[PDB]
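Structural overview for review
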Amino acid sequence: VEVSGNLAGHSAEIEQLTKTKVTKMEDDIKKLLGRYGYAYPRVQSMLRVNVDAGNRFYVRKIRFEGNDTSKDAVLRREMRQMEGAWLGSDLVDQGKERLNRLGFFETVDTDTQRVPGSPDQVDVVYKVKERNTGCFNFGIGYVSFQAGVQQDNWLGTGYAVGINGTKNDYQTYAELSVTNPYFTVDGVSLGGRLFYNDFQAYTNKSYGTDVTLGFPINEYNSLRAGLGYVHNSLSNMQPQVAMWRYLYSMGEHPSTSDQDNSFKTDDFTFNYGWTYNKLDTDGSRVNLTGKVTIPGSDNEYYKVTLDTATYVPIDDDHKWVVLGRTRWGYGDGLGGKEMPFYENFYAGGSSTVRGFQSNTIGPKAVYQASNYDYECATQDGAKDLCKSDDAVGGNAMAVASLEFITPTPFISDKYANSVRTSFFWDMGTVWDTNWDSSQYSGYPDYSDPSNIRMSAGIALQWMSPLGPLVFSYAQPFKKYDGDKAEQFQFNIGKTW
Amino acid sequence: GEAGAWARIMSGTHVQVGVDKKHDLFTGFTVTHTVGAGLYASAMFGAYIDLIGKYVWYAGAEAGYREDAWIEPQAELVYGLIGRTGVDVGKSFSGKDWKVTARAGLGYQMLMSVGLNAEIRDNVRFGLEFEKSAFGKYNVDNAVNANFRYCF
Amino acid sequence: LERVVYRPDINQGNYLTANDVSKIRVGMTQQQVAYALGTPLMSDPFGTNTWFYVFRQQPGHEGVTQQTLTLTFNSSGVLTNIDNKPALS
Amino acid sequence: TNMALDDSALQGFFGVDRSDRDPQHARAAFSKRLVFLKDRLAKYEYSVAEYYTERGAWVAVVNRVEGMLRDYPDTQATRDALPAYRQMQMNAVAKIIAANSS
Amino acid sequence: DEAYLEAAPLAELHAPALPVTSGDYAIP
């Protein structure tokens, strides 16, 4: 191709990119040159291409229209085109996209304006419309009450604030979480929360605080970590083998079947994590988190977690894509200690293996008052060796799934842009550490991870304004220890 | 929208899921696990008829007949034979910044019920339900339920 | 801490290149210079007939490089003198 | 005068300024009624200057400051707008700073 | 409502023993 005209010092790149295709090439040339100050180059072609690069252009002022609510400083946070600098169109489109990413608006638009005082001067104009920053949810019923307030952008000032106050008889709790995404001018975020909780019959009282600092390391990934602690006093809980092992290893030796007992700690920890952000049925997200105790803590323990998902197209026409998900993690105590009961986790339900009941996966309870039920675990009912069906959670777990998404406008839909139907297969396992299979031999070994529960079936993926309706059906394939199944599961997020 | 779906939890527990569509004509159906099911539809006849029938163990159906205020006598057929026979009342209010529906009714198995459904032209929304009853097949002493929503 | 935190690129001032600055001569008029170089971004707040140009770049997570140009004009808009600071001190 | 666009129930109740919100409506409002607008607008320009001062785009700030000095000689911002750019060697400036000190 | 009542004086800065000025937004 012959290249001529008022060529820029970057004409090497014109030849490199060039050597409806001609129109596209011309637009790609204009796109290139728009990064070097040429706001309005013009290219004609016959192949011969005649490029009139034009002059270099500068932006005199950047102003916003339509924001009568939030601080001016907020919108300027995501610009890459600087005032008193040469124009680069990508620096403006990236700004628009970052604003669209944050979502602090009802509408966004952009334009480019000419300065009447000089043909080589331009302005950049952004226009926005805004919607609600968040809501206040209040409700009482015959007698319990819950209310809270949340905003993503407090009074348009840049802060995220959430207040949760729940009052009941069996349990009362509260949480306050406040974060400043811009503690410093470079976008370093800092925030934290205070909380209180409890439980009435076992009984528990707890409260604490956690403050986390985090910052970006590149365009889309970020790192966070911080410090906090929780006070947790647990009492009036039925003593059991999971609890007997946990407490006894610490020196705590409550009487057998003596439910009127207590143990409380002030546990101080360090929390951390990091996130991968591949955004888009494509893209991926990786959240790697964990926490450890500090020497000032009453208990000593560690926990590690992982939660990831990745879209992997299968067909080259994008008519078949598999979305994989993995959940994984475990923790235990330090120095001879075990993981505290209230720091232990459950697995199971429509979020884990869709064929099994909620919070069903893993080891079961093994073992004071009586009004006659569960007599073997009590002191007034019966004194015997109990083998219950009630899950106690575990110390380590892994979960995985594959979701197979195809278009279906030729089976049951016309648009396939609201609620999608997909096929999935999943698996997951939970097991204990420090399980003694020799004292309890007529019982499953609860440290064996190979007892993997798995299922497959069909799930819905809702995006519709109708709300977060979660419906799925799956059948389990494997059972090991009285596994309690539930093939059809659903709930609603009650939001959006 | 012209069509949609919902689910509800009913207890003093039954779980309902259902779907409906707006066509005055409005129709829909439910399936309720205790598994039962039922159908309903309502339309203008400013009088209306709202026909609801289901087997969920409850078995039966209700019907009635109803211009800014109304009186709507209702009765139901109960199989195997006590149900709600009575007359509902209510009134609609509106203004440039709001709409309110006031509902109430009286009947017997003594049955009394009230409620309020109100919306503001801004982010604020209100609602209230209450039922009271005596001397029939069930007795409600207190069923106060009230809430509201606000967004910034 | 600050020295390892990610930062977007900073671009300030006008573009400069030897191809244009080496072409500026005493006796050249403001209209000719403005054509050759482009519209000035800075001027004297008190109306002194002089132009200033600044080319400043600081890549993200890096240091800053800046060059300046000073143009002294007479009362007719004809350049009388010129200076340049190729780098910061 | 459409001053309704410079307030709200929430912004009013908590006693906070609206000067760093879109000022174009106040300009339309411009048409001693102008003293308030003079300062409400100058505060906007000042706040923008501060944003870029912290961010470091001080050349654009200097041009904005000259705009403020030229167009609003009698506002408080004229002192507030005086300063990031001083890291560069400038033929300073000092005469006006001293002459109008108070 | 009363904020405008501050009525701060619109005194101009004097020149030192001359900045660029304009006539826009004039007070009549």
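Quick notes on the rules
- Residues numbered from 1 in each chain as written, not as in the entry; some residues may be left out.
- Chains lettered and ligands numbered in written order.
- Heavy atoms only, no water.
- Helix = DSSP H or I, 4+ residues; strand = E, 2+ residues; numbered from the N terminus.
- Areas by Shrake-Rupley, 256 points an atom, 1.4 Å probe, with all protein chains shown as cover.
- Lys, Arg positive; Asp, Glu negative; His and termini not counted.
- Charge placed at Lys NZ, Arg CZ, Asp CG, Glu CD.
- Axes fitted to C-alpha atoms, helices over the stretch in contact; angles between N-to-C directions.
- Parallel < 35°, antiparallel > 145°, perpendicular 65-115°, else oblique.
- Left-handed = near helix turned anticlockwise from the far one by under 90°.
- Contact = heavy atoms within 4.5 Å.
- Pairing = 2+ DSSP bridges.
- Polar contact = N/O pair within 3.5 Å; in protein donor to acceptor, adjacent residues only side chain to side chain.
- Salt bridge = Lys/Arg side-chain N within 4 Å of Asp/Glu carboxyl O.
- Buried < 20%, exposed > 50% of the residue type's maximum accessible area, 1.4 Å probe, protein only.
- Expected span 1.5 Å × (residues − 1).
- Domains from an automatic or database assignment.
- Buried area = accessible area lost by both parts, 1.4 Å probe.
- Nonpolar A, V, L, I, M, F, W, Y, C, P; charged D, E, K, R; others polar.

For this entry, the PDB record names cryo-EM as the structure determination method and reports a resolution of 4.8 Å.

Below, the discussion takes up the overall build of chain B. Within chain B one finds zero helices and twelve strands. Counting from the amino terminus, helix and strand elements in chain B follow one another as β-β-β-β-β-β-β-β-β-β-β-β. Dimensions of chain B along its principal axes, counting C-alpha atoms only, are 50 × 35 × 35 Å. Carbon and sulfur atoms form 59% of the exposed surface of chain B, whose accessible area is close to 9,800 Å². Taking the average place of the 15 positive charges on the side chains of chain B and the average place of its 16 negative ones, the gap between the two points comes to 4 Å.

So, about the packing of helix α3 (residues 33-55) of chain D against helix α4 (residues 58-71) of chain D. Residues and elements named next belong to chain D. Between α3 and α4, whose axes approach to 9 Å, the crossing angle comes to 165°. Between α3 and α4, the angle is such that the two are roughly antiparallel. In the packing of α3 onto α4, the handedness of the crossing is left-handed. Counting all contacts with α3, which are made through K38, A42, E45, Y46, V48, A49, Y52 and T53, the residues of α4 involved are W58, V61, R64, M68 and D71.

Turning our eyes to something else, we now look at the sheet that holds strand β5 (residues 107-114) of chain A. Residue and element names in this part refer to chain A. Pairing is mixed in the open sheet, where three strands are placed in the order β4-β6-β5. Two strands bound the open sheet, and with one partner strand each, they are β4 (58-65) and β5. Across this sheet, the average inter-strand angle for adjacent strands is 15°, counted without regard to direction. Pairing of β4 with strand β6 (residues 121-129), which is carried by six bridges, proceeds in the parallel orientation. What sits directly across from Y58, in β6, is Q121. Relative to the sheet, helix α4 (residues 89-102) contacts β5 and β6, its axis offset from that of β6 by approximately 10°.

It is worth spelling out the side chain of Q16 of chain B at this point. Residue and element names in this part refer to chain B. Within the element layout of this structure, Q16 appears in strand β2 (residues 14-22). Within polar-contact distance, the side chain of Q16 engages the side chain of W6 at 3.2 Å. Filtering out sequence-adjacent residues up to four positions away, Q16 remains in contact with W6, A7, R8, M10, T30, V31 and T32.

So, about the pattern of salt bridges. Note that side chains of opposite charge can pair when their charged atoms are close. Throughout the structure, instances matching the rule amount to 40 salt bridges over all chains. Residue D68 of chain B is joined to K91 of chain B by a salt bridge in which the shortest nitrogen-to-oxygen separation is 2.5 Å. The exposure class assigned to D68 of chain B is partly exposed, which follows from its relative accessible area of 44%. With a shortest N-O distance of 2.4 Å, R121 of chain B and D97 of chain B are connected by a salt bridge. What makes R121 of chain B exposed here is its relative accessible area of 61%. A network of salt bridges, in which partner residues are shared, links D72, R76 and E83 of chain A together with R27, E45 and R64 of chain D.

Moving on, we come to the sheet that holds strand β1 (residues 2-6) of chain A. Residues and elements named next belong to chain A. One open sheet holds the three strands; their spatial order is β1-β3-β2, and the pairing between them is mixed. The sheet terminates laterally at β1 and β2 (42-45), the two strands that pair on one side only. For this sheet, the mean angle separating the axes of adjacent strands, direction not counted, is 20°. Two strands pair when backbone bridges link them, and β2 and strand β3 (residues 48-52) are joined in this way by four bridges, in the antiparallel orientation. Along β3, the bridge assignment pairs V43 with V51. Sitting on the sheet, helix α2 (residues 21-33) touches β2 and β3, and the angle it makes with β2 is about 155°.

The subject of this paragraph is α3 of chain D. Over its 23 residues, α3 of chain D extends 35 Å from the first C-alpha to the last, a length consistent with the 33 Å expected when each residue adds 1.5 Å. Taken from the residues just after α3 of chain D, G56 of chain D is the one with a positive phi, measuring 110°.

Here we come to unusual backbone geometry. Residue and element names in this part refer to chain A. Phi at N434 is positive, roughly 55°, even though this residue is not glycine. Along the polypeptide, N434 turns up in the loop between β21 (419-431) and β22 (453-462). Even without a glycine there, the phi angle at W496 is positive, about 90°.

All names here are of chain B. Annotation of chain B at the domain level lists domain 1 (1-66) and domain 2 (68-152). Computed over C-alpha atoms only, the centres of domain 1 and domain 2 are separated by 16 Å. Facing ten residues of domain 1, the contacting portion of domain 2 comprises ten residues. Between domain 1 and domain 2, a total of about 870 Å² is buried, with carbon and sulfur atoms accounting for 41% of that surface. On inspection of domain 1 and its partner domain 2, the count reaches one salt bridge. Taken together, the residues that form the side of domain 1 that touches domain 2 break down as six nonpolar, two polar and two charged.

Contacts between chain A and chain D engage 22 residues on the former and 14 residues on the latter. Carbon and sulfur atoms supply 48% of the area that chain A and chain D bury against each other, a total of about 1,700 Å² over both sides. Of all residues in chain A, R76, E83 and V185 of chain A bury the most surface against chain D, accounting for 32% of the area lost on that side. Linking chain A with chain D are three salt bridges, by the criterion used here.

Right, let's talk about the side chain of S233 of chain A for a bit. Residues and elements named next belong to chain A. For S233, the position within the fold is in strand β13 (residues 222-235). Residue classification places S233 among the buried positions, given a relative accessible area of 18%. For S233, the contacting residues outside a window of four places in its chain are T203, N204, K205, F263 and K264.

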